[PDB]
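Remarks on the structure that follows.
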Amino acid sequence: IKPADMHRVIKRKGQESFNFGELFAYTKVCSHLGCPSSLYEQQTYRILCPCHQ
Amino acid sequence: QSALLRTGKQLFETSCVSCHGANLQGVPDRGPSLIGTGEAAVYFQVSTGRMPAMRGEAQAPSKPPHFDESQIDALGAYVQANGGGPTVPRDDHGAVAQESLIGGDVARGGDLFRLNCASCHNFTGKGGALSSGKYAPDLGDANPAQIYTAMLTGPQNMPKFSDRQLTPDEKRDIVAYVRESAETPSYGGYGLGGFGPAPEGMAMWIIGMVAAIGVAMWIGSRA
Amino acid sequence: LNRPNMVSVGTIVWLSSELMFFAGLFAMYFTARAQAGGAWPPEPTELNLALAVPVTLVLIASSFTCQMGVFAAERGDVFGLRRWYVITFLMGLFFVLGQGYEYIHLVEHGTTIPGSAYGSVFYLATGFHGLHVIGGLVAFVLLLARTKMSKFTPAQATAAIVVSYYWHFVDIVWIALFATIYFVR
Amino acid sequence: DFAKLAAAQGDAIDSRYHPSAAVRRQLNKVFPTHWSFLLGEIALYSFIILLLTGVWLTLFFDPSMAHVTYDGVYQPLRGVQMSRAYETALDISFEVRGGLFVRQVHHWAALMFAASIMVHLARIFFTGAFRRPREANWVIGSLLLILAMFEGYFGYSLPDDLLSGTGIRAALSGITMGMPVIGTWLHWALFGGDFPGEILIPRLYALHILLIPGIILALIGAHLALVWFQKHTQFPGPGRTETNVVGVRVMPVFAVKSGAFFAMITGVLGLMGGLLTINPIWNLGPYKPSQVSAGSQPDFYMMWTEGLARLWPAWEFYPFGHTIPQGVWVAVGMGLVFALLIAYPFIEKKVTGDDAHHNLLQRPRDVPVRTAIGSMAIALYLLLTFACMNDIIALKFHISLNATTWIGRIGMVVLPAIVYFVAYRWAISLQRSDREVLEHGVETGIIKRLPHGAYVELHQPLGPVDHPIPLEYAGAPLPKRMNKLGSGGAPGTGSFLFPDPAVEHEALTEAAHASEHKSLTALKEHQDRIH
Amino acid sequence: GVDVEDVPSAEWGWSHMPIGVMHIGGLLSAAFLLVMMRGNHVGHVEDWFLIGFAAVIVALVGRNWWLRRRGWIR
Amino acid sequence: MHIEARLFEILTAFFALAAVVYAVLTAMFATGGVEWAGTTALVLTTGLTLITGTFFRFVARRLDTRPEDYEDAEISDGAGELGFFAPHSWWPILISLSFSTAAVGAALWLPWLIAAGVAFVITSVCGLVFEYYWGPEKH
Amino acid sequence: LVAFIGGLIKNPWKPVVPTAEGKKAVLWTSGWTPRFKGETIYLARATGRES
Ligand SMILES: CCCCCCCCCCCCCCCC(=O)O[C@H](COC(=O)CCCCCCC[C@@H](C)CCCCCCCCC)COP(=O)(O)O[C@H]1[C@H](O)[C@H](O)[C@@H](O)[C@@H](O)[C@@H]1O
Ligand SMILES: CC(C)=CCC/C(C)=C/CC/C(C)=C/CC/C(C)=C/CC/C(C)=C/CC/C(C)=C/CC/C(C)=C/CC1=C(C)C(=O)c2ccccc2C1=O
Ligand code: HEC
Ligand code: HEC
Ligand code: HEM
Ligand code: FES
């Protein structure tokens, strides 16, 4: 994450300490049907899965 | 260069200040700051013709360039010197390297493209749609330096591929694979846009099935 | 025959409107001829006036044959009309092929639509005229099929007459455009 | 020389098997000549192509999920680690002469098989041929449709490439895994474990080359046996009745027509397999769980399913410690659809109470409710199909992805209702047009101004006049153009450039006119006598 | 459920659907459009589109029901 | 039919006068010589009216007076047959849909959609033109 | 029927995957699951090439 946007980060309960500064790590497996949700839009910080959008 | 920097500034002050603030800090709700983007970002934005923009929307589309190669170089020098950041790979004669950027390993470039790039355009870079009005464009009509600087400076909703995330040899392999996929003719016949089963089904319904039904109507009878 | 034929008058007025469309194209051409400065056409353009004359002559011959086919169809002879219109179709096809060949040779010599303003106007005007020629060829094919599918009534003769009207308008427009491009320059 | 051989062979055959009565019965069978009755035959002929090319493809395909390095001729994949199935598919496309052609003809034949099954289903549904006694034949057809869909799915899943592997992972793994009680058990029975296993491709290969083709072959055999011994339906017409079949005998008109249609369909499939590229696997690369592509769509006969999964709005349930995901909906969806397709004749039989023997087809305009339902279902299917392709539509036609998603979501409700309304009104309006023609006569397009100024159109009555006596609708099409009743005359006979002598023109035109009168007279006598 | 004057070819095939099926179909379609407002989306333009289409459907059903209840429409 | 012709060459006379006046007044007293866009359009407007008027004049030179061109005419003079007017057709909507497919394919620059629209246009125009000329089916 | 289908029936919850907390089912584990209670698991990029 760009630091100018790190104030916008909302953290999940029980995962408040999973990032190392600006670097977050998520699964690359969609929670819907298991396709690789592998489209990272940086200016919206949106992870997109092409199998079902 | 004093002449080069002055020409870059005199181009920038009549093409970019209304959105970029005339001191390269962004205009609040027109454009972002231009400190640190560098010659590579300027080259990819202008030589593609995306920039100057005209409307604030989901995505600024590619257009014919608004300047020439020398003017793009002057603007890149201006923005680089006022800030500082990545540069375009140059050639032995002062221009930007085009054939030199074409890598050797095309299988590795293909693997890297499919891991990093094909997720947003497609297998062969034919383009793909994004969330809200945005999309990843077709890569066919883009020379190697544009590909390299698009990897190097992710413009908008493109992840930024630094020189250590994607090394220059990796970047050249990806450039080589992209150019090879753009320039390769289809072997099975007419490539139906390179998108897969959707144009195939449309062709079957509009050519094969139409011809089959017409032949049935010719052979059979009405009433 | 104490009344006028309305398919003919409708074709005539529509052909006048198409003349107006080519007027727009001519206005596009004449402008940027006065802005070049006299270097018209500019290099690397060198008009191939050795293939442009033959296709012009073939178009004039096709107009003559089309009028002869009209003469055939005015007396109810469907077969002579078919023959003259097939000859006209073949010669118009030859004209289109020659235009395409000149296009190819010009594009090979660095004269393109994005390449120059002269290229832009030249290919725009000539290509639109070629599209009109291709429409005329489609009209010829459709008319021949319709003559094949029913007894040759005076309605068929009217259809042939108006198709010939369109063909005459097309080659007259080509005569004007040839005189404007390869002679006035 | 061949007449004696034919006579001796016939004598030997009759002395050994005495088939004369049965062969004569099969040669005299009468088949109606409507063009739509050819639609099913397309699904037959493509299937035969699918057998032939299929056998060819079995001589070069190794369906192993074992991983190897390519070292083939295709440079842009040299040294890439891939499964053995993907490598053998590449070898077919590049190392076997005509292998790419056979692959493409096979895939095109699969697409035409699916499409022609759909069009034949539309014909059967709208003409009402599913009615008694032909309900079981509709059931068999529906089973064949489902089997063909899944057979094609398995087929293009056979070469383990990125697109097909992504489709496998999405549908066959994700949907199966999420089923309420037995989902993981089904997944581990099918895959032998987790999705990226080692047995999936051989199992699908066995299912796809032997099991499903065998089931489809048996079902097509039973299907055609039912069609043969339950003689074909027909549309109401001049000589037609519920107790007869009017058409042509098998020998030789029907046999030659069917053979020529087979040859022409094979020609179309060969031309498409040569000139059009389908499934260029080498551009997709080997399947890798870490990679995916933007254009992730199955072959079109499955597209609707994905569209459903794209449009259903993230509705999940959480019972006591358990999760019911969104994919479950999709499964139920498909189930319901298939159910609603299999038991339609019985649903309509219950609803309308119509349980009478029917051999005369219905024109779709004469059944506005069923036509409206069929148009509604077609609209919904098309909408789901296009919602599957909404990423490509968004890319090519400038529209946002969320816009297409919400258009699809609202449409899967609004559009079927509009289409039902429009189809119902359109069918009744076609009925009204038929009645208008029957009651005033055909409008000839000729306008006369009477001496007092009356602009009248010349009507050509189809029956006697008293103004015509209004005829009664008999379920048959009516002419509405005068060129279709012969008013357009005949052109001068010749070679399109040169006429024949007028004596030959007179002889041919008079002979044709006499033959047309003789045919119409024969039909009229048969109609009059039987009724 | 129809007459030859309304559907000319009524004797030939299924030609009537009870108006109850259409009325409850409209109500259920409106309910589905409304219930699609519960889910995962930041924006609220789609909610207004759903509300507008549901309003149109409910208005059509209400008008049809009212006119059949008063006698004009049959 | 003298009136329609006469109106067309009246328009032709005025348009020719205006075109020549514009050409002369732009050749001298303009910034950059002849304007070359109004002049061209005015000259070819003159040509449009000239073609229509000339054809109508050739028709009037070859025509005895019709009822509608004849004052003191009686309806009974116009009695008889008028000709063929199409009673109904659904081909125009198909032609328009085909041209719209082509227009969309050339607005969003998609050559495949342009080709599909062009093929659909040829097919629907064939259907329109052939509609009243297709014979009875052979069977 | 039982002796036919029974060869395909596999328990998805049979513990087969080692873990720093014993044996666990496949669906509960991935390659990120530590295996000896202090295992250093690196986030490695795919170079797409030996190593
Ligand atoms: C059955 C007829 C088929 C004839 C086949 C028989 C020909 C014999 C040999 C065939 C050899 C193959 C032909 C040339 C070999 C070849 O493939 O040429 C492509 C060209 O494709 C195009 O667009 C050109 C479009 C013009 C074709 C028009 C015909 C299409 C018909 C079949 C569609 C009708 C169905 C309509 C559907 C909708 C109708 C319903 C509404 C490359 O275009 P390119 O300029 O490089 O750009 C691409 C971009 O995807 C991108 O820009 C990318 O960047 C590039 O990499 C390249 O892929
Ligand atoms: C879902 C939705 C609302 C979409 C709207 C987008 C759109 C088409 C807007 C057009 C503007 C509008 C609404 C005009 C209305 C006036 C009318 C009635 C126009 C009719 C003409 C229309 C709508 C044409 C569109 C047809 C259409 C959307 C087809 C589906 C697109 C498909 C299947 C493309 C498949 C396909 C692709 C993607 C290729 O790349 C390719 C490359 C080479 C050969 C073939 C192909 C090929 O077939
Ligand atoms: C308002 C219409 C602008 C004009 C005038 C110029 N730029 Fe721009 N720029 C604008 C926006 C809204 C954005 C970001 C969103 C987008 O669509 O790109 C940009 C971005 C750039 C960048 C890239 C910044 C990055 O971090 O990658 C560069 C290098 C850039 N702009 C340069 C640039 C130049 C050289 C201009 C004159 C030709 C110019 N901009 C004008 C908005 C606007
Ligand atoms: C997220 C989706 C991605 C990823 C992972 C990649 N690209 Fe692409 N790309 C994306 C967008 C939204 C854009 C638009 C640029 C803008 O609007 O300013 C692009 C653009 C390109 C381009 C320029 C194309 C042109 O203008 O002609 C290229 C050459 C390109 N992208 C290539 C590319 C490569 C090589 C990638 C892997 C390193 C890659 N992209 C990934 C979206 C996305
Ligand atoms: C209704 C019947 C069938 C359908 C719909 C069907 C469909 C398909 C499809 C679409 C493919 C993808 C091919 C590609 O993308 O390259 C495929 C592959 C294959 N098919 Fe079929 N098929 C059918 C029957 C058969 C039969 C009967 C056989 C064998 C006799 C067969 C053998 C194969 C093989 C071996 C492959 C994989 C090899 C390859 O992909 O090149 N198929 N099938
Ligand atoms: S698998 Fe990611 S949205 Fe379906």
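Simple scheme: letters A, B, ... for chains in structure tokens order, numbers from 1 for residues in each chain, numbers from 1 for ligands in the order shown.
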Contact residues around residue 41 (chain G) with only C-alpha atoms at 9 Å, ignoring same-chain residues under 5 positions, as a VMD selection string:
chain G and resid 32 to 34
Could you list, as a PDB file with N, CA and C atoms, in the first residue's frame, all the residues within 6 Å of ligand 2, counting only C-alpha atoms and all ligand atoms?
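Saved the output as pocket.pdb:
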```pdb
ATOM      1  N   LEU B 192     -10.529 -15.651 -34.459  1.00  0.00           N
ATOM      2  CA  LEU B 192     -11.773 -14.933 -34.186  1.00  0.00           C
ATOM      3  C   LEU B 192     -11.590 -13.967 -33.014  1.00  0.00           C
ATOM      4  N   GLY B 193     -10.696 -13.000 -33.213  1.00  0.00           N
ATOM      5  CA  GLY B 193     -10.427 -11.997 -32.209  1.00  0.00           C
ATOM      6  C   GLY B 193      -9.499 -12.431 -31.098  1.00  0.00           C
ATOM      7  N   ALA B 198     -16.350 -17.346 -27.051  1.00  0.00           N
ATOM      8  CA  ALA B 198     -17.441 -16.421 -27.363  1.00  0.00           C
ATOM      9  C   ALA B 198     -17.512 -16.104 -28.855  1.00  0.00           C
ATOM     10  N   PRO B 199     -16.447 -15.615 -29.506  1.00  0.00           N
ATOM     11  CA  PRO B 199     -16.516 -15.463 -30.967  1.00  0.00           C
ATOM     12  C   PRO B 199     -16.702 -16.777 -31.699  1.00  0.00           C
ATOM     13  N   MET B 202     -20.410 -17.403 -31.578  1.00  0.00           N
ATOM     14  CA  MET B 202     -21.072 -16.458 -32.471  1.00  0.00           C
ATOM     15  C   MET B 202     -20.874 -16.843 -33.933  1.00  0.00           C
ATOM     16  N   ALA B 203     -19.665 -17.276 -34.297  1.00  0.00           N
ATOM     17  CA  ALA B 203     -19.407 -17.704 -35.667  1.00  0.00           C
ATOM     18  C   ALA B 203     -20.209 -18.947 -36.020  1.00  0.00           C
TER      19      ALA B 203
ATOM     20  N   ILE D 392     -16.172  -9.593 -22.176  1.00  0.00           N
ATOM     21  CA  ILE D 392     -15.816  -9.295 -23.561  1.00  0.00           C
ATOM     22  C   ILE D 392     -16.691  -8.177 -24.110  1.00  0.00           C
ATOM     23  N   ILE D 393     -17.991  -8.215 -23.806  1.00  0.00           N
ATOM     24  CA  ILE D 393     -18.890  -7.148 -24.235  1.00  0.00           C
ATOM     25  C   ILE D 393     -18.455  -5.816 -23.647  1.00  0.00           C
ATOM     26  N   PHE D 397     -17.532  -3.316 -26.639  1.00  0.00           N
ATOM     27  CA  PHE D 397     -18.504  -2.238 -26.550  1.00  0.00           C
ATOM     28  C   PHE D 397     -18.286  -1.520 -25.229  1.00  0.00           C
ATOM     29  N   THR D 404     -23.003  -3.996 -16.921  1.00  0.00           N
ATOM     30  CA  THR D 404     -23.489  -5.235 -17.517  1.00  0.00           C
ATOM     31  C   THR D 404     -23.996  -6.198 -16.456  1.00  0.00           C
TER      32      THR D 404
ATOM     33  N   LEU F  97     -32.076  -2.602 -39.079  1.00  0.00           N
ATOM     34  CA  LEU F  97     -31.277  -3.272 -38.056  1.00  0.00           C
ATOM     35  C   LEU F  97     -29.904  -3.655 -38.590  1.00  0.00           C
ATOM     36  N   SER F 100     -27.864  -0.552 -38.780  1.00  0.00           N
ATOM     37  CA  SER F 100     -27.505  -0.142 -37.428  1.00  0.00           C
ATOM     38  C   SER F 100     -26.386  -1.007 -36.869  1.00  0.00           C
ATOM     39  N   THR F 101     -26.396  -2.302 -37.182  1.00  0.00           N
ATOM     40  CA  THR F 101     -25.274  -3.160 -36.816  1.00  0.00           C
ATOM     41  C   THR F 101     -23.984  -2.664 -37.456  1.00  0.00           C
ATOM     42  N   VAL F 104     -22.907   0.641 -35.698  1.00  0.00           N
ATOM     43  CA  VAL F 104     -22.295   0.391 -34.399  1.00  0.00           C
ATOM     44  C   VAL F 104     -20.912  -0.223 -34.573  1.00  0.00           C
ATOM     45  N   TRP F 112     -14.906  -6.696 -37.726  1.00  0.00           N
ATOM     46  CA  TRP F 112     -15.750  -7.880 -37.840  1.00  0.00           C
ATOM     47  C   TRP F 112     -17.228  -7.512 -37.784  1.00  0.00           C
TER      48      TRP F 112
END
```
With only C-alpha atoms considered, list every residue of chain G at most 9 Å from chain B, as a ChimeraX atom specification.
/G:45-49
List the neighbours of residue 233 (chain D) out to 10 Å using only C-alpha atoms; skip same-chain residues closer than 2 positions along the sequence, and give me the result as a compact mmCIF listing (two decimals) with C-alpha atoms, in the first residue's frame.
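Wrote around-v3.txt, looks like this:
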```
# COMPACT_ATOMS: atom_id res chain seq x y z
CA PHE D 31 -41.55 -38.95 -44.77
CA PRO D 32 -42.93 -35.39 -44.91
CA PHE D 37 -37.96 -31.87 -40.18
CA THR D 127 -44.71 -27.27 -33.06
CA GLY D 128 -46.04 -29.33 -30.15
CA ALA D 129 -44.50 -32.61 -31.28
CA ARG D 134 -44.41 -38.62 -28.23
CA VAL D 227 -39.31 -41.70 -34.71
CA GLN D 230 -44.00 -43.70 -34.46
CA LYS D 231 -44.25 -42.16 -37.92
CA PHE D 235 -48.37 -29.87 -40.44
CA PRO D 236 -52.04 -29.49 -41.39
CA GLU D 242 -54.38 -37.30 -38.25
CA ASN D 244 -52.05 -40.45 -42.67
CA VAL D 245 -48.59 -39.28 -43.69
CA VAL D 246 -48.18 -37.20 -46.86
CA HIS D 358 -51.99 -35.99 -31.85
CA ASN D 359 -50.31 -36.45 -35.23
CA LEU D 360 -50.98 -33.03 -36.82
CA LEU D 361 -48.54 -30.38 -35.64
```
Report as an MDAnalysis selection string the set of chain D residues whose atoms approach chain E to within 10 Å, with distances computed over only C-alpha atoms.
chainID D and resid 128 312:315 348 351:352 354 362:372 402:403 406:407 409:410 412:414 417 424:425 427:432 434:435 473:475
Any chance you can output those residues with N, CA and C atoms as a tab-separated table (two decimals), in the first residue's frame?
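Contents of the output file part_23.tsv:
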```tsv
chain	number	residue	atom	x	y	z
D	128	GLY	N	-45.26	-28.43	-30.97
D	128	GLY	CA	-46.04	-29.33	-30.15
D	128	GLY	C	-45.90	-30.79	-30.50
D	312	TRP	N	-26.30	-14.26	-9.92
D	312	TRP	CA	-26.95	-14.52	-8.65
D	312	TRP	C	-26.22	-13.76	-7.54
D	313	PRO	N	-26.93	-13.01	-6.70
D	313	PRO	CA	-26.29	-12.02	-5.81
D	313	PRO	C	-25.81	-12.48	-4.43
D	314	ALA	N	-24.74	-13.26	-4.42
D	314	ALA	CA	-23.92	-13.53	-3.23
D	314	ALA	C	-24.77	-13.90	-2.02
D	315	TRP	N	-25.75	-14.77	-2.23
D	315	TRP	CA	-26.67	-15.19	-1.19
D	315	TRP	C	-26.17	-16.50	-0.59
D	348	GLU	N	-47.72	-29.63	-19.19
D	348	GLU	CA	-48.76	-29.09	-20.07
D	348	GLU	C	-49.98	-30.00	-20.13
D	351	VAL	N	-51.87	-29.18	-17.06
D	351	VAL	CA	-52.42	-27.83	-17.02
D	351	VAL	C	-53.61	-27.69	-17.95
D	352	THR	N	-53.50	-28.21	-19.17
D	352	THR	CA	-54.56	-28.06	-20.16
D	352	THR	C	-55.50	-29.26	-20.23
D	354	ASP	N	-55.20	-31.85	-21.82
D	354	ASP	CA	-55.23	-32.36	-23.19
D	354	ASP	C	-54.41	-33.64	-23.23
D	362	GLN	N	-48.95	-28.26	-34.58
D	362	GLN	CA	-49.54	-26.95	-34.39
D	362	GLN	C	-48.57	-25.89	-34.87
D	363	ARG	N	-49.08	-24.93	-35.63
D	363	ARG	CA	-48.29	-23.74	-35.90
D	363	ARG	C	-48.10	-22.96	-34.60
D	364	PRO	N	-46.91	-22.40	-34.36
D	364	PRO	CA	-46.69	-21.66	-33.11
D	364	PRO	C	-47.67	-20.52	-32.89
D	365	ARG	N	-48.15	-19.87	-33.95
D	365	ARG	CA	-49.10	-18.78	-33.77
D	365	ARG	C	-50.43	-19.26	-33.21
D	366	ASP	N	-50.79	-20.52	-33.47
D	366	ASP	CA	-52.04	-21.08	-32.99
D	366	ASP	C	-52.00	-21.47	-31.52
D	367	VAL	N	-50.82	-21.46	-30.90
D	367	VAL	CA	-50.68	-21.77	-29.48
D	367	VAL	C	-49.95	-20.59	-28.84
D	368	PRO	N	-50.63	-19.47	-28.60
D	368	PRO	CA	-49.93	-18.27	-28.13
D	368	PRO	C	-49.30	-18.43	-26.76
D	369	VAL	N	-49.89	-19.25	-25.89
D	369	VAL	CA	-49.34	-19.40	-24.54
D	369	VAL	C	-48.03	-20.17	-24.57
D	370	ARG	N	-48.00	-21.30	-25.28
D	370	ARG	CA	-46.77	-22.07	-25.35
D	370	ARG	C	-45.69	-21.31	-26.12
D	371	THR	N	-46.08	-20.57	-27.16
D	371	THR	CA	-45.12	-19.75	-27.88
D	371	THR	C	-44.55	-18.66	-26.98
D	372	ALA	N	-45.41	-18.06	-26.15
D	372	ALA	CA	-44.95	-17.05	-25.20
D	372	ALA	C	-43.98	-17.65	-24.18
D	402	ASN	N	-19.76	-3.43	-14.02
D	402	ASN	CA	-20.88	-3.35	-13.09
D	402	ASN	C	-22.18	-3.02	-13.81
D	403	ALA	N	-22.10	-2.22	-14.88
D	403	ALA	CA	-23.30	-1.93	-15.66
D	403	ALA	C	-23.86	-3.19	-16.28
D	406	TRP	N	-25.45	-5.41	-13.56
D	406	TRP	CA	-26.76	-4.99	-13.08
D	406	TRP	C	-27.82	-5.06	-14.17
D	407	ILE	N	-27.45	-4.80	-15.43
D	407	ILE	CA	-28.36	-5.03	-16.54
D	407	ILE	C	-28.78	-6.49	-16.57
D	409	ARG	N	-28.76	-8.64	-14.01
D	409	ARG	CA	-29.54	-8.95	-12.81
D	409	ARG	C	-30.98	-8.48	-12.95
D	410	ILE	N	-31.18	-7.22	-13.34
D	410	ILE	CA	-32.53	-6.71	-13.53
D	410	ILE	C	-33.20	-7.39	-14.72
D	412	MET	N	-32.86	-10.52	-15.96
D	412	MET	CA	-33.33	-11.88	-15.73
D	412	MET	C	-34.69	-11.91	-15.06
D	413	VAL	N	-35.22	-10.74	-14.68
D	413	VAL	CA	-36.59	-10.59	-14.23
D	413	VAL	C	-37.43	-9.84	-15.26
D	414	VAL	N	-36.98	-8.66	-15.68
D	414	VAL	CA	-37.81	-7.78	-16.50
D	414	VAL	C	-37.95	-8.33	-17.92
D	417	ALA	N	-40.48	-11.21	-18.90
D	417	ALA	CA	-41.88	-10.79	-18.86
D	417	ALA	C	-42.25	-9.99	-20.10
D	424	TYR	N	-46.85	-13.30	-26.91
D	424	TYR	CA	-48.27	-13.63	-26.86
D	424	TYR	C	-49.06	-12.74	-27.82
D	425	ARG	N	-48.85	-11.43	-27.74
D	425	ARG	CA	-49.58	-10.52	-28.61
D	425	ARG	C	-49.23	-10.75	-30.07
D	427	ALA	N	-48.26	-13.60	-31.52
D	427	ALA	CA	-48.91	-14.82	-32.00
D	427	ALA	C	-50.38	-14.57	-32.28
D	428	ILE	N	-51.08	-13.89	-31.37
D	428	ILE	CA	-52.49	-13.61	-31.63
D	428	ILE	C	-52.64	-12.70	-32.85
D	429	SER	N	-51.70	-11.79	-33.06
D	429	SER	CA	-51.79	-10.89	-34.20
D	429	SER	C	-51.53	-11.63	-35.51
D	430	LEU	N	-50.63	-12.62	-35.49
D	430	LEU	CA	-50.45	-13.47	-36.65
D	430	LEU	C	-51.73	-14.25	-36.96
D	431	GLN	N	-52.40	-14.73	-35.91
D	431	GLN	CA	-53.71	-15.36	-36.10
D	431	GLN	C	-54.68	-14.41	-36.79
D	432	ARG	N	-54.71	-13.16	-36.33
D	432	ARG	CA	-55.62	-12.18	-36.91
D	432	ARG	C	-55.28	-11.90	-38.37
D	434	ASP	N	-53.93	-14.09	-40.44
D	434	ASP	CA	-54.45	-15.26	-41.16
D	434	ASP	C	-55.95	-15.12	-41.40
D	435	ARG	N	-56.70	-14.73	-40.36
D	435	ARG	CA	-58.14	-14.57	-40.51
D	435	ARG	C	-58.49	-13.49	-41.52
D	473	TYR	N	-60.56	-21.36	-41.22
D	473	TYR	CA	-59.18	-21.68	-40.91
D	473	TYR	C	-59.02	-23.17	-40.67
D	474	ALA	N	-57.98	-23.76	-41.26
D	474	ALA	CA	-57.72	-25.19	-41.16
D	474	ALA	C	-56.31	-25.48	-40.68
D	475	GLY	N	-55.74	-24.59	-39.87
D	475	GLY	CA	-54.44	-24.84	-39.29
D	475	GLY	C	-53.28	-24.84	-40.26
```
Closest-contact table, chain C side, partner chain F, 9 Å, counting only C-alpha atoms, as a tab-separated table:
```
residue	atom	partner	partner_atom	distance
C:1	CA	F:63	CA	8.2
C:2	CA	F:64	CA	6.0
C:3	CA	F:66	CA	6.6
C:4	CA	F:59	CA	6.9
C:9	CA	F:56	CA	7.9
C:12	CA	F:52	CA	6.4
C:13	CA	F:52	CA	6.0
C:15	CA	F:48	CA	8.4
C:16	CA	F:48	CA	4.7
C:17	CA	F:48	CA	6.9
C:18	CA	F:48	CA	8.9
C:19	CA	F:48	CA	6.7
C:20	CA	F:44	CA	6.2
C:22	CA	F:44	CA	8.7
C:23	CA	F:41	CA	5.7
C:24	CA	F:41	CA	6.7
C:26	CA	F:40	CA	6.9
C:27	CA	F:37	CA	4.7
C:28	CA	F:37	CA	7.4
C:30	CA	F:36	CA	5.9
C:31	CA	F:36	CA	6.2
C:34	CA	F:36	CA	8.6
C:138	CA	F:122	CA	8.2
C:142	CA	F:126	CA	6.8
C:143	CA	F:129	CA	8.7
C:145	CA	F:130	CA	8.6
C:146	CA	F:130	CA	6.4
C:147	CA	F:133	CA	8.9
C:149	CA	F:134	CA	6.3
C:150	CA	F:133	CA	6.0
```
Nearby polymer residues, ligand 1, at most 8 Å, only C-alpha atoms and all ligand atoms, as number ranges by chain
B: 124-126, 138-141, 181-187, 189-194, 199, 202-203, 206-207; D: 272, 275-276; F: 101, 110-117
Considering only C-alpha atoms, state which residue in the set A:20, A:41, A:25, A:10 is at the smallest distance from chain G.
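For chain G, the nearest of the given residues is A:25.
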Around ligand 6, which protein and nucleic acid residues have at least one atom no more than 8 Å from it, if we count only C-alpha atoms and all ligand atoms? List them as an mmCIF file with C-alpha atoms, in the first residue's frame.
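Everything below was put into result-v9.cif:
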```
data_model
loop_
_atom_site.group_PDB
_atom_site.id
_atom_site.type_symbol
_atom_site.label_atom_id
_atom_site.label_comp_id
_atom_site.auth_asym_id
_atom_site.auth_seq_id
_atom_site.Cartn_x
_atom_site.Cartn_y
_atom_site.Cartn_z
ATOM 1 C CA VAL A 29 -7.750 -17.941 -4.339
ATOM 2 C CA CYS A 30 -11.226 -16.481 -4.714
ATOM 3 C CA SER A 31 -13.583 -17.336 -1.880
ATOM 4 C CA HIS A 32 -16.469 -17.890 -4.319
ATOM 5 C CA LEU A 33 -15.336 -20.844 -6.443
ATOM 6 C CA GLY A 34 -11.540 -20.985 -6.152
ATOM 7 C CA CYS A 35 -10.384 -19.138 -9.259
ATOM 8 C CA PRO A 36 -7.265 -16.976 -8.909
ATOM 9 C CA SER A 37 -8.584 -13.518 -8.001
ATOM 10 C CA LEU A 48 -10.730 -8.798 -9.012
ATOM 11 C CA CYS A 49 -11.458 -12.394 -10.003
ATOM 12 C CA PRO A 50 -12.002 -12.846 -13.761
ATOM 13 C CA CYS A 51 -14.003 -16.078 -13.438
ATOM 14 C CA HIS A 52 -17.148 -14.366 -12.131
ATOM 15 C CA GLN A 53 -16.174 -10.683 -11.637
ATOM 16 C CA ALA D 170 -14.389 -23.208 -11.167
ATOM 17 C CA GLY D 174 -16.097 -25.327 -6.658
ATOM 18 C CA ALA D 309 -23.188 -17.743 -11.342
ATOM 19 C CA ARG D 310 -22.242 -14.249 -12.488
#
```
Write out as a PyMOL selection string all residues of chain A that DSSP puts in strand (DSSP E) for this structure's backbone.
chain A and resi 39-41+46-48
Just to be explicit: take each residue in the selection above, keep C-alpha atoms, and write the result as a compact mmCIF listing (two decimals), in the first residue's frame.
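Okay, this is what ended up in again-v7.txt:
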```txt
# COMPACT_ATOMS: atom_id res chain seq x y z
CA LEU A 39 -6.44 -8.59 -10.93
CA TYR A 40 -4.97 -5.95 -8.61
CA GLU A 41 -6.19 -2.42 -9.35
CA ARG A 46 -9.41 -3.71 -5.69
CA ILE A 47 -8.74 -7.42 -6.09
CA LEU A 48 -10.73 -8.80 -9.01
```
